[PDB]
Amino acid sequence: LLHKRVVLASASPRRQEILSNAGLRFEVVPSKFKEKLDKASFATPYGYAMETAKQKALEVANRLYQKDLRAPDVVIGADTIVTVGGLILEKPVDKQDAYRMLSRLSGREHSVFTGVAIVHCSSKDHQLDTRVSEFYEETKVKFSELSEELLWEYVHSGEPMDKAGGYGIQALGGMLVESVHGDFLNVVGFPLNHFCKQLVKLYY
């Protein structure tokens, strides 16, 4: 990917930070894909997460190409969801949504899935040809038993707001999270090691 034009189709500071720290050079072009798919339409939550990442990356790829007639080399999409007792949780709409999510998660183990779509693009015959490679990573996370007081403490901080399931493992989310099991970068927002393995598959 060194001398290729790479587009990260995500406004997430946490995803950007992970890719930058890994040494990747990329431009940030957030997706306008605002349709959210029917969760019931997918056999698995990770199927849902991948398709969502694919659609965001394809939206960006086509939009860029339509704009200046330049096929971006690679467009990366990602979508992180939480599942607990069979329900998919995404980002909280407001603080009250956040509290409900965290109550649900309290004292339980849940899964975090990040679906990733790597889209290779080229232009031929006045159209964008896209080749999509799709993968996901699952990490299990355990919450300790949260009190009404801690719950509202964390909600009022605002930390829940930009995060799947309304929490993070990194800061004052540390008071909520008892343990993580698998790839921790996947929980932050991007499964870096899996991505790197995917690039090896695609280029070798």
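From 1 onward, residues are counted along the sequence shown.
Mean CA temperature factor is higher for 125-133 when stretches 125-133 and 70-78 are set side by side in the entry.
Look at the C-alpha B-factors of 103-111 and of 89-97. On average they run higher in 89-97. Per the PDB entry, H156 shows the highest C-alpha temperature factor of the residues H156, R63, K142, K54.
Per the deposited record, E149 carries the highest C-alpha B-factor of all listed residues (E59, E27, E149, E178).
Among the modelled residues of its chain, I169 has a C-alpha B-factor that falls in the highest third, as given in the PDB entry. Sort the chain's modelled residues by C-alpha temperature factor and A40 lands in the middle third, per the entry. Among all modelled residues in this chain, the alpha-carbon of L8 has a temperature factor (C-alpha) in the lowest third.
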